[PDB]
Amino acid sequence: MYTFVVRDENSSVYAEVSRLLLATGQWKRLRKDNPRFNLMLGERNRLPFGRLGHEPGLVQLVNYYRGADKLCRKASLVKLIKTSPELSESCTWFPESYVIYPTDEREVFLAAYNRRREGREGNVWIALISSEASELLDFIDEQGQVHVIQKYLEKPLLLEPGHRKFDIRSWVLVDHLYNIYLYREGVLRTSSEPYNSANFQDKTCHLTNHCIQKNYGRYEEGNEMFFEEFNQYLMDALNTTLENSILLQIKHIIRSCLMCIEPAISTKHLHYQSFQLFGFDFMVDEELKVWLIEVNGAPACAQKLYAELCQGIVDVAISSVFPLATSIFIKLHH
Amino acid sequence: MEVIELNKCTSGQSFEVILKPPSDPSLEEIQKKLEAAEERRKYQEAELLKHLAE
Amino acid sequence: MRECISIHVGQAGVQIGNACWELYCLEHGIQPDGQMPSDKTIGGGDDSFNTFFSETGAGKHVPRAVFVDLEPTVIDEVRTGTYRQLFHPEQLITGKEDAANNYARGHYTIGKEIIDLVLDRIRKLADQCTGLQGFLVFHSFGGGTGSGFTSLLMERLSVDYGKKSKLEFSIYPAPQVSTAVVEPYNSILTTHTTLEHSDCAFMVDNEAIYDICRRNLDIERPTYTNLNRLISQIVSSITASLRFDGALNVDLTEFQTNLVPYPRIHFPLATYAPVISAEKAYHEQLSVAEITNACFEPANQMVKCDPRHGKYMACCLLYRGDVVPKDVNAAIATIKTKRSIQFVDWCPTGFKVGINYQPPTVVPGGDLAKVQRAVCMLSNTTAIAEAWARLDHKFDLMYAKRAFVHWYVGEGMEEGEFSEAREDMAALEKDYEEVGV
Amino acid sequence: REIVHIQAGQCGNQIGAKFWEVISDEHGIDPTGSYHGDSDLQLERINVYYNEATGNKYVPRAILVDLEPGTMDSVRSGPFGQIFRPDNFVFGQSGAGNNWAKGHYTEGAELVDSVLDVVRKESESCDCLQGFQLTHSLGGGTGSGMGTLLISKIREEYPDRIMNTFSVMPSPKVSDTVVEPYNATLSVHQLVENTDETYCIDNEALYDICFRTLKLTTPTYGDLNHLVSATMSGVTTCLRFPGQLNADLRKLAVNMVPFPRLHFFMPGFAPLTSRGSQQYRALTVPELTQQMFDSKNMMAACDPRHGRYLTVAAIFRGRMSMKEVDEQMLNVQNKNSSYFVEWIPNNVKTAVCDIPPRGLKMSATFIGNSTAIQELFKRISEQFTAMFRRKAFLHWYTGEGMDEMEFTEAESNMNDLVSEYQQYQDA
Ligand SMILES: Nc1nc2c(ncn2[C@@H]2O[C@H](COP(=O)(O)OP(=O)(O)OP(=O)(O)O)[C@@H](O)[C@H]2O)c(=O)[nH]1
Ligand SMILES: Nc1ncnc2c1ncn2[C@@H]1O[C@H](COP(=O)(O)OP(=O)(O)CP(=O)(O)O)[C@@H](O)[C@H]1O
Ligand SMILES: Nc1nc2c(ncn2[C@@H]2O[C@H](COP(=O)(O)OP(=O)(O)O)[C@@H](O)[C@H]2O)c(=O)[nH]1
Ligand SMILES: CCN(CC)c1ccc(NC(=O)c2cc3scnc3[nH]2)cc1
Ligand SMILES: [Ca+2]
Ligand SMILES: [Mg+2]
Ligand SMILES: [Mg+2]
Ligand code: NA
């Protein structure tokens, strides 16, 4: 009979998890500030890792990896990839990006830009989307935050029927043993209105966020296409499968990113242990080449997959540590 | 990389290896504090004995 | 040669003092009766071990140390211990009634009645010094004496010995080995009052020492004897440079220079390896690379925390046994390629190494196995602030309800000193953060 | 570090006598006062309760008080009757008639100075007196009235000394007279002010235990006192025997009492035993822990589930796996952390002594500072008001010079004590 606490109630994912735990009748929820817990569903900001693993006779576990923010924040991600030999500046699956600070690496970004003057070579960048630096670097001084500038992929793979843009979301679970588990079910957050490569002010057809579009729901319910359909499309349209054309690259990128920061965040020989659910966002160009967009440290799930995914978390990340009285995951071996 | 300040002797040796370069109260103040706390133990004790006297 | 005086305050300080001086004698070949056949300069000398020992014309080598406790039971075991002849009666000061785990009682009430006596007995040693460096002060955070009287003593030493340095060996409170609840109060209170009176303080969490004794020495439930003999080994590693020939950390001033850039942030993290059980039948001796790599495992640290998520300001490696600079540099080179070691931008990323060819001496019949090589790393990492965070949280929980406060107020202390001390700790935690991220 | 013992009244002297009977056996002291044991751990802390009298004999640092000679004559002719110093027998003749006023204001006032002379003579002999302890009932006249009078005058002459009590609470289940709630309410008023620790020994609980658990058809005061002496031996174990626990009464008080007025403890003991009926099956450590936390072994008829523990202390005795002790102790907390306040970190502490009590090869003594103790005072307050609203039986008191106002005040302070416990139960 184990105990746990909840310190982020805006978490749609772990709200489902806390519920499932209670339903087993072998887990009891405590208050926010009760330290005598076995599990902690902690907050997103300033989680007190320093106070974990100091309760005698209590094996403590937390649903967040300390230091994982370096991967799950755009400014840190670019810095991580460029400075890490494991990934390097010659990274093939990450769009070239640069860190820009308001009034740093700005004069360097121009070096690549000064060459783009060659012409006949696509030149559009994102923070929003524009074709020239002058206006790009003029609005990043108008919010006051630290923003990243990245090469916009001008020739994305476009779904038919519709001529639509789309991004892929993969959910990855890393347990206490740092086993990397890819959820077999992903989702395509697609565009409903056709992709217009002319001008990029109208960001309804370019930004494929589930919220921005809320022609919604024309093709697929909720503007969300899942792997079974998307796979069938690739077979019929492009004479290939999802596993071959895209997923091998996805599995490669996920495995490369986490293995890189493993020595920095691993809780192998620590006095407390950690697991965490990640949300990798990918992008496919017209030549079936996968690109990494970003990583989410506190991802939300698709409505259909909440039940299956959340149950999976309890199985391999919680019950693995706290046992009770075929798998929906793909283990990325290393 | 760079080893420096190497000093050797019979009992052992010491050195330094660099990998990358960079980028009170007075005595009276004390005894006033202590005595300021003593008078308060005596005030508290006085009010106790007063209370017990009533 | 410059002398060093050791001050042991409270039960923890005294009993650890015993473990250390016991070990020192075995290392320097000094006998329980205080005789040292090795020393040919009878009745005096200019040697390195004279830093911790003075000599009598009769050839006895006496510790430059003073034991102080507000209750006699612990020090009484020194008076009748195996090293009873070693010490001088005036070096052992005992009260009648302890501080009852009350900082205010140790500091104000009882402290006032014995502080002058202690300073007088300390002055008797300082007069026998040709050039006193300063003091090494052993005590617990938790005890009323170890916390209360120590802070008072540290204040007076800064008045009567302004130019002299002062180092701390402080026992951080752990529920595993404590029947006290008010420890968080005493720790915050004594840290606040002592902070600017201490140049360098080595904290030791009983939690860490406890688990090391269970994990590595296979001791089911460590006693204080088990903890202390392990602690004494660490302390020995840290003070070895003051008692032997060398060029690294030869005086107390050099501890501040090499480990403490910022005065307030003067709490270096200690990490020790290897810890091997004497009851371990078969043991494969560990190499320089293996023991050095172990200095970056949290399980070997004197305080459990995660240096990966902080920044280093300094780092010293202190080896004892079969070690040469070659194998050390080779070890460092490998370790950095695989581990997270961030230094603050305004510091050089490097290590000050010290080696003593004589391997670590072990207490006969003790729990530790003899080894061919051992190492103690002294790294000033911001990650040690986790220990302050834990402590300050426990403090805030109790003080929000003013629990147990009446005990302190009843001894003449102001409730305001609680908030003053807590404010200081809040500033300290933020100082660590500015440097750390 | 010596402790001066006082026992006042019938109840106080009878539980006190058995207390000395029990620990005198543990320390190997015979009724004559001569040591006859095997271990020497029985002696290196025997100065706490015994003065080493001339002729190689140990004499209890105990003072026996009463306003009638009846009970004290029984002590003197009891098993360990001679062990006590004859000069320390201080008694009157008139009695107290179960009247708090007589014990506190008239009959007792006449005798109290005589008692203090004996307290003084004992204290002056102490190298370093660590505190006083009193055994008494709160339902009678002498132990209740004169006891709280003594406490008041000891605090006057020794204001910086620890003053604790082992106080027997009255219950209708085991009642001598109807005015027991009056005497109890008046006494609690005193204990809240002038003691550091009061071990609440409820006769209701002692009766229930003897009947429900121990299966005794009609328990006597002797049966009730087997539980008291065993508990008292338990809480004093770490004071009387050497161990890694280096604490005097003051240090123990600091760690157990977070608020000065809330110092009323629930004692407990395991395994529960009938006198004479000895034990064959030794309890496993899990069983000791489970029982001492169960309400059925509590000596204060309070349900700890109706409140929250501020602090808890547990003294295990006998040879056992101290690892297993921890694991089981750490288990109770981690199972029911809702009944422990979260704003006092690590408020459950444990100790082990190698020497078990007689008859048992291992045992556990429970000391709980629970807010549930308010149920005890609530009970007394109900019984109090039931009579006081009609001013019943009050003439016994006003006849001794007391005014109704003093009853109203005493009632108010105890109702405040209840509201205080309720404050932290909601924190
Ligand atoms: N490592 C270690 N810690 C100890 C030892 N003795 C006591 N402690 C710790 O010290 C804390 C309690 O303070 P003490 O040193 O026992 O008390 P004190 O300094 O004598 O002060 P008083 O309250 O007057 O007794 C607890 O957290 C103990 O764990 C010891 O021998 N070794
Ligand atoms: N370099 C690039 N080329 C093309 N499209 C890009 C791009 N970078 C981002 N996008 C598009 O912009 C959209 C929003 O980008 P981004 O991922 O930064 O938003 P976000 O903060 O919402 C990630 P999440 O919602 O998962 O936390 C993506 O869905 C993708 O369509
Ligand atoms: N446990 C116990 N309680 C007693 C004993 N004698 C009396 N009492 C209780 O104490 C109250 C009577 O007080 P008593 O000691 O006789 O009064 P006193 O002699 O004038 O101080 C009643 O509530 C009894 O239940 C006894 O021997 N043991
Ligand atoms: C501090 C936690 N522990 C267990 C480690 C503990 C141990 C013993 C006691 N005993 C007493 O407080 C007491 C004994 C007597 S005799 C007269 N008054 C008293 N008071 C309390 C707590
Ligand atoms: Ca010499
Ligand atoms: Mg002490
Ligand atoms: Mg009677
Ligand atoms: Na007199």
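Proteins get letters first, then strands, A, B, ... in listed order; numbering begins at 1 in each. Excluded from the calculations below are hydrogen atoms, water molecules and symmetry mates; all remaining heavy atoms, backbone and side chain alike, are included.
At a threshold of 4.5 Å between non-hydrogen side-chain atoms, the residues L34(B) and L152(C) count as touching. Counting only heavy atoms from C-beta outward, the side chains of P22(B) and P348(C) approach each other to under 4.5 Å.
Heavy-atom distances place the side chain of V328(C), and not its backbone, under 4.5 Å from chain B. For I30(B), the part lying under 4.5 angstrom from a heavy atom of chain C is the side chain only. For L317(C), no part lies near chain B; criterion is any non-hydrogen pair under 4.5 Å. Contacts of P21(B) with chain C are made by backbone atoms alone, with heavy-atom separations under 4.5 Å and no side-chain atom involved. Within the 4.5 angstrom heavy-atom criterion, atoms from both the backbone and the side chain of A247(C) approach chain B. Only the side chain of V159(C) comes within contact range of chain B, judged by heavy atoms closer than 4.5 Å. Interface remark: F244(C) contributes no atoms to any contact with chain B (heavy atom separation under 4.5 Å).
The residue among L19(B), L6(B), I18(B) with the most heavy atom pairs within less than 4.5 Å of chain C is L19(B). Between chain B and the options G350(C), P325(C), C316(C), heavy-atom pairs under 4.5 Å are most frequent for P325(C).
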Any donor-acceptor pairs between chain B and chain C, under 3.5 Å? If so, list them.
unit_1: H107(C); atom_1: NE2; unit_2: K33(B); atom_2: NZ; d: 3.2
unit_1: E155(C); atom_1: OE1; unit_2: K33(B); atom_2: NZ; d: 2.4
unit_1: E155(C); atom_1: OE2; unit_2: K33(B); atom_2: NZ; d: 3.2
unit_1: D345(C); atom_1: O; unit_2: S23(B); atom_2: N; d: 2.5
unit_1: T349(C); atom_1: N; unit_2: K20(B); atom_2: O; d: 2.9
unit_1: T349(C); atom_1: O; unit_2: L19(B); atom_2: N; d: 2.8
unit_1: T349(C); atom_1: O; unit_2: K20(B); atom_2: N; d: 3.3
unit_1: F351(C); atom_1: N; unit_2: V17(B); atom_2: O; d: 2.9
unit_1: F351(C); atom_1: O; unit_2: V17(B); atom_2: N; d: 3.0
unit_1: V353(C); atom_1: N; unit_2: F15(B); atom_2: O; d: 2.8
unit_1: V353(C); atom_1: O; unit_2: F15(B); atom_2: N; d: 3.0
unit_1: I355(C); atom_1: N; unit_2: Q13(B); atom_2: O; d: 2.9
unit_1: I355(C); atom_1: O; unit_2: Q13(B); atom_2: N; d: 3.2
unit_1: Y357(C); atom_1: N; unit_2: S11(B); atom_2: O; d: 2.8
unit_1: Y357(C); atom_1: OH; unit_2: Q13(B); atom_2: NE2; d: 2.6
unit_1: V409(C); atom_1: O; unit_2: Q44(B); atom_2: NE2; d: 3.3
unit_1: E411(C); atom_1: O; unit_2: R41(B); atom_2: NH1; d: 2.9
unit_1: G412(C); atom_1: O; unit_2: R40(B); atom_2: NE; d: 2.9
unit_1: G412(C); atom_1: O; unit_2: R40(B); atom_2: NH2; d: 2.8

